[PDB]
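Reviewing the structure listed below.
What follows is calculated from the coordinates using simple rules that are stated; it is not laboratory data. Every residue, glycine as well, gets a Cβ built from its backbone with ideal geometry; the counts of neighbours run over all protein chains shown.
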Amino acid sequence: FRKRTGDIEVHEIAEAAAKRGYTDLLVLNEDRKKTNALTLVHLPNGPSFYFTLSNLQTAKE
Amino acid sequence: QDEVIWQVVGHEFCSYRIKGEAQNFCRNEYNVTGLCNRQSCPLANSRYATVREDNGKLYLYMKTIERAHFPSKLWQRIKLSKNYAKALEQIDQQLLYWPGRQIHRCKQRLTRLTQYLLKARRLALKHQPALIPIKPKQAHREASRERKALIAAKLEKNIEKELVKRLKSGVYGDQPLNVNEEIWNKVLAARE
Amino acid sequence: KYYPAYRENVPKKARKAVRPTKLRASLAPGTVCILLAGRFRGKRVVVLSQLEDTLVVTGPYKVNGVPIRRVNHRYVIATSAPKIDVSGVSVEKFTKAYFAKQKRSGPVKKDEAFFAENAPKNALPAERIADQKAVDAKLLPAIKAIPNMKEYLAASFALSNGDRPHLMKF
Amino acid sequence: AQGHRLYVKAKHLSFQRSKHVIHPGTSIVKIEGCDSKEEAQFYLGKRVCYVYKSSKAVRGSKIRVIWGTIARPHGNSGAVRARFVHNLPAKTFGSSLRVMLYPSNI
Amino acid sequence: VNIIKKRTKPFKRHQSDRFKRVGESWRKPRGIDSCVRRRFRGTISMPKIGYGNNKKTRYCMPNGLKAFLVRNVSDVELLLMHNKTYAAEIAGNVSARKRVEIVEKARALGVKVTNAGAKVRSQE
Amino acid sequence: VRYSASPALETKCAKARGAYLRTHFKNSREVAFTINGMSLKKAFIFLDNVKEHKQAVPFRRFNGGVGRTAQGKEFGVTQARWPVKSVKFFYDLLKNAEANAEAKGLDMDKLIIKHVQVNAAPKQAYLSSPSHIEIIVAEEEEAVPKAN
RNA sequence: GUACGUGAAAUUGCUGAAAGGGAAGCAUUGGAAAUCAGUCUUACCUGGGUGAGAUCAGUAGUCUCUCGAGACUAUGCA
RNA sequence: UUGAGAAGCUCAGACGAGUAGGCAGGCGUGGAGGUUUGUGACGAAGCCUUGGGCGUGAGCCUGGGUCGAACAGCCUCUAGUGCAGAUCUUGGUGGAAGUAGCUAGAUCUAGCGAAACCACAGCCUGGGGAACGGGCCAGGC
């Protein structure tokens with residue numbers, strides 16, 4: 001995991017992660033203290049899938 | 001005129017007034033301050049100057065008492081330079097011998113309209129997430145159909161159906177490491 | 001962007017001029033004093049010089065390991081132990097900027113350490129150690145001349161049962 | 001052995017009260033070892049704290065502290081008045097307190 | 001400039017917690033033999049003008065701004081000169097089509113919005 | 001429909017429901033309280049025993065007017081009765097839930113009564129109190145060794 | 001789902017948490033637990049380089065008002 | 001110096017219980033004229049909420065959930081306009097109660113089953129002047 005900092009964009013993360021040896025990039029979208037979307041891209045130029053998460057439930061629940 | 005107009009509009013009814021708790025505001029497009037006052041009323045002030053923005057360019061608008069009954073020609077307009085120092089001097093030259101309060105309020109509006117244009121340009125360059133609306137009907141439809149889909153999925157039945165299926169096919173080595181000896185013996189006798 | 005857009009009520013001209021702090025009578029340079037708070041609480045240290053508000057204090061490195069540090073004068077108990085010769089060590093280099101925290105800077109570009117978090121680390125320069133190595137050189141003979149001073153500064157002050165701070169004298 | 005104890009032990013007695021009215025804003029603190037109002041003048045302005053523990057841990061620490069400052073003496077027997085950043089709970093009557101030696105004027 | 005509130009608890013109607021038929025909204029006790037009206041010891045407090053807050057900081061949110069209800073983009077443009085005194089508050093009945101355009105407009109105007117993230121999601 | 005309990009998903013639950021049942025609400029509340037949480041097979045024996053007066057249903061909440069009995073010592077109290085009409089309704093519902101579980105392909109040797117709730121149906125000076133009864137039966141949840 | 005739009009309160013059942021020596025009970029002040037608002041550096045100033053273009057041209061036209069004021073067009077970007 | 005809603009802004013001092021009663025300014029509801037080039041199927045109104053905020057208060061704004069077709073701010077006009085009481089009216093619903101009891105089987109069990117009443121409560125001892133004990137004060141439990 002890498003905390004998203006400042007004004008780095010998904011395309012910039014993808015180009016930076018490709019040179020670091022990463023294969024797939026997963027970005028969790030949260031707003032109002034709730035995760036509601038998930039976009040996964042396949043480095044370096046693979047297809048990017050955008051999902052919407054729902055019924056999130058951690059192990060304790 | 002002006003004192004009669006102000007009594008009618010400032011105290012009986014103006015369609016431009018927004019009555020707030022701490023202050024009254026003006027819906028007029030020609031108000032420099034945006035407040036309902038006697039000095040900032042464009043209707044009650046026969047000589048009035050304001051700055052407003054048109055497609056990225058700020059203009060100085062002025063009206064005189066002598067054009068008050070010709071609405072199409074009431075307000076005159078000049079271009080204010082992008083150079084801030086020249087823009088301030090343009091207001092000073094065009095508003096020469098006007099009251100110092102009116103020039104003061106026009107220069108204050110020029111600063112706020114210049115900052116807003118600056119902030120508008122910087123927002124364009126930045127990458128900001130697009131706000132997408134939440135549709136109450138689609139949320140209700142997808143929440144109900146999801147509940148039906150989860151029930152129809154039969155996850156535990158299908159998970160164990162596949163897990164046993166791949167146990168039969170021997171996707172593991174010779175004997176799997178996840179199975180007790182007695183269960184593995186039952187698998188061998190049944191599958192053969 | 002420069003003509004004031006708002007009312008911008010300027011503050012009225014205040015009449016609070018800055019006058020030098022008056023330190024206590026007993027907080028003289030060369031006094032063995034007990035640190036009251038911080039990570040070195042209880043440690044006995046030697047006052048080198050008085051800053052504008054604080055005391056530029058240090059315990060000998062080889063005695064108690066308290067580097068040249070600033071301490072607030074309210075957070076120090078000045079014991080009546082015999083004074084130490086400090087006129088032999090220059091203290092002009094100990095200014096406000098000398099102890100000032102290094103400016104948090106570094107034009108880190110996007111990604112790498114910005115995102116990948118390959119951050120750098122801090123380390124005390126040998127310049128600080130070089131000045132420090134001088135002060136114990138000019139102070140250790142002074143503390144060795146009088147008895148128990150080396151053992152005094154090594155120990156850490158503490159309160160035992162039945163000790164009344166208001167009564168017993170420091 | 002011998003701990004650190006750079007403070008003075010003290011006890012929380014009660015609030016600044018009349019017979020039937022209480023004022024939890026000010027607490028009466030007994031700095032043990034101080035026996036008169038003149039002796040209490042040494043401890044005026046010192047920082048007093050109430051150290052307690054909670055089962056839930058925050059930042060890996062189960063110890064919570066409420067800070068205060070001794071304001072003035074109370075009575076002829078060396079009890080003092082202390083005002084804390086949060087008013088001390090009524091259940092901490094008779095509970096221990098720590099009176100620091102800072103700010104110092106000695 | 002710090003906002004000082006003389007009181008934060010609301011003034012509840014007397015005996016409003018004993019009956020469901022009696023609402024919490026404050027009603028002046030008209031009973032002559034009522035202990036609350038005569039203000040005994042232990043009786044609840046009553047709304048007095050002494051509790052009134054500072055005129056300068058009246059109607060001010062804890063962040064120092066005064067709420068301004070906004071129904072469209074035209075309302076938010078009025079705060080061009082008063083963005084350091086007022087915060088835009090989009091009305092509850094304004095749809096999500098207009099809430100997004102108010103928030104984008106209020107961003108360029110330098111105006112704080114009290115409920116800017118309502119009825120919308122994000123897409124970075 | 002939807003039941004009062006967050007279970008009754010398809011996973012392991014079989015539901016049985018009875019609405020506007022012509023039985024006293026207070027009696028049914030006691031019978032439901034007794035068999036709640038107990039295994040399905042054991043519940044059938046208990047309902048069989050009550051019909052033959054071999055076992056008594058302890059009345060805890062609506063204990064008014066219930067005489068002392070020697071068959072309630074299993075549940076720790078002494079106020080118990082032998083309701084028949086209320087027990088008959090619960091027998092019919094339990095069989096329905098058992099048949100629903102069998103049709104679902106559920107493991108029938110681990111079924112327990114996870115949730116049973118009795119609600120007051122509309123009242124119909126002799127306005128009696130009909131009952132709504134809902135029963136959920138699910139397998140006893142079990143653990144598995146982690147890695148060793 | 002015809003016990004049918006919305007579906008309040010009184011009232012009832014179940015579940016969860018907490019409390020509980022012959023009342024509840026509310027107020028004031030805090031603790032504990034749970035749960036929220038609640039926010040951030042990101043901009044300003046000063047450059048230099050590079051090109052960019054107008055409200056800049058030792059520039060040419062059109063239109064609407066009234067010389068010059070707005071809107072454009074072509075060209076140059078010194 | 002911009003601080004002329006002159007119905008504004010500003011400076012200073014004193015003062016603050018209150019029944020009957022007198023006076024002033026405000027909050028809210030249904031409908032009407034005007035207005036907001038107003039809000040709304042990208043969700044109006046309503047309701048729910050230990051979400052947040054504003055007002056001394058009446059009240060108002062808002063997030064989330066539910067919901068499904070209308071609705072509101074401002075100036076003015078208007079009135080069948082604001083409830084805790086009336087042994088109030090209508091409707092719903094409780095404790096009393098599975099009680100009092102009334103249909104079967106063997107007083108017990110089964111089945112069917114009310115109504116009066118109901119501010120809330122429920123140990124004493126004294127004193128508490130107006131009863132004060134059931135609430136209050138000092139003692140036991």
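Meeting the requirement of 3 or more residues that are within 14 Å of chain E (Cβ to nearest Cβ), the helices (runs of 4 or more DSSP H) wholly within region B:112-192 are B:136-153. Every condition in (1) part of a loop (DSSP other than H, G, I, E, B); (2) touching a helix residue (DSSP H, G or I) at 6+ places or on another chain (Cβ under 6 Å) is met by residue C:109 except one, and the failing one is (2). Of the strands (runs of 3 or more DSSP E) contained entirely in region D:1-73, those carrying at least 2 residues that are more than 16 Å from RNA strand G (Cβ to nearest atom) and of a type outside the set (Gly, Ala, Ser) fall at D:7-17, D:22-31.
Taking the numbered list (1) small (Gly, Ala, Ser); (2) more than 10 Å from RNA strand H (Cβ to nearest atom); (3) exposed (fewer than 14 other Cβ atoms within 10 Å of the Cβ) in turn, residue F:72 passes all entries but (3). Picking from residues in region B:1-39 that are within 11 Å of another protein chain (Cβ to nearest Cβ) and β-branched (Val, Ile, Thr), the one that is nearest to residue E:67 (Cα to Cα) is B:18.
When residue F:27 is tested against the conditions (1) part of a strand (DSSP E or B); (2) surrounded by 14 or more Cβ atoms within 10 Å (Cβ to Cβ), the lone failure is (1).
Residues in region E:55-70 that are surrounded by fewer than 13 Cβ atoms within 10 Å (Cβ to Cβ) and within 14 Å of another protein chain (Cβ to nearest Cβ): E:55, E:56, E:58. Here residue E:64 meets the list (1) out of contact with any strand residue (DSSP E or B) (no Cβ under 8 Å at 6 or more places or on another chain); (2) on the phi < 0 side of the Ramachandran plot; (3) among the small types (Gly, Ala, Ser) almost entirely, failing just condition (2).
For residue B:60, are the conditions met, namely being away from RNA strand G (no atom under 12 Å from the Cβ), away from chain E (no Cβ under 14 Å) and either among the hydroxyl-bearing types (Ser, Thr, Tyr) or under 30 Å from the mean Cα position of the chain (by Cα) (or both)? It is false that residue B:60 is away from RNA strand G (no atom under 12 Å from the Cβ), away from chain E (no Cβ under 14 Å) and either among the hydroxyl-bearing types (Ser, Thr, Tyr) or under 30 Å from the mean Cα position of the chain (by Cα) (or both). I'd like the full set of residues that are over 32 Å from the mean Cα position of the chain (by Cα), surrounded by 12 or more Cβ atoms within 10 Å (Cβ to Cβ) and outside any helix (DSSP H, G or I), limited to region B:71-98. B:74, B:95, B:98 - these are the residues of region B:71-98 that are over 32 Å from the mean Cα position of the chain (by Cα), surrounded by 12 or more Cβ atoms within 10 Å (Cβ to Cβ) and outside any helix (DSSP H, G or I). Please pick out the residue among E:25, E:34, E:16 that is polar (S, T, N, Q), more than 30 Å from residue B:136 (Cα to Cα), near RNA strand H (Cβ under 7 Å from one of its atoms) and more than 15 Å from the chain's Cα centre (by Cα). Just one listed residue meets the conditions, E:25.
I'd like to check something: does region B:70-87 contain any residue that is touching a strand residue (DSSP E or B) at 6+ places or on another chain (Cβ under 8 Å) and within 14 Å of chain E (Cβ to nearest Cβ)? No, region B:70-87 contains no residue that is touching a strand residue (DSSP E or B) at 6+ places or on another chain (Cβ under 8 Å) and within 14 Å of chain E (Cβ to nearest Cβ). Where strands (runs of 3 or more DSSP E) fall wholly inside chain A, the ranges with 3 or more residues that are within 9 Å of another protein chain (Cβ to nearest Cβ) are A:24-30, A:35-42.
Here is the figure for region D:73-103: residues that are within 14 Å of chain C (Cβ to nearest Cβ), under 24 Å from residue C:41 (Cα atoms) and not basic (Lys, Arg) total 5. Among the residues of region E:37-51, those that are of a type in the set (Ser, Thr, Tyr) and more than 7 Å from RNA strand H (Cβ to nearest atom) comprise E:43, E:45. Determine whether residue E:97 is surrounded by fewer than 15 Cβ atoms within 10 Å (Cβ to Cβ), in contact with a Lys or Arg (Cβ under 9 Å, 6 or more places away or on another chain) and of a type outside the set (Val, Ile, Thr). Considered against the rule, which asks whether it is surrounded by fewer than 15 Cβ atoms within 10 Å (Cβ to Cβ), in contact with a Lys or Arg (Cβ under 9 Å, 6 or more places away or on another chain) and of a type outside the set (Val, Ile, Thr), residue E:97 comes out as no. Residues considered: F:42, F:54. Of these, the only one that is basic (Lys, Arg), in a loop (DSSP other than H, G, I, E, B) and away from RNA strand G (no atom under 15 Å from the Cβ) is F:54.
Of the residues D:66, D:106, D:22, D:70, which is within 16 Å of RNA strand H (Cβ to nearest atom) and either β-branched (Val, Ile, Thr) or away from every other protein chain (no Cβ under 14 Å) (or both)?
Values: D:66 fails: within 16 Å of RNA strand H (Cβ to nearest atom); D:106 fails: within 16 Å of RNA strand H (Cβ to nearest atom); D:70 fails: within 16 Å of RNA strand H (Cβ to nearest atom).
It is D:22.
Considering region C:58-95, the residues that are more than 14 Å from every other protein chain (Cβ to nearest Cβ) and aliphatic (A, V, I, L, M) include one that is nearest to the chain's Cα centre (by Cα), namely C:68.
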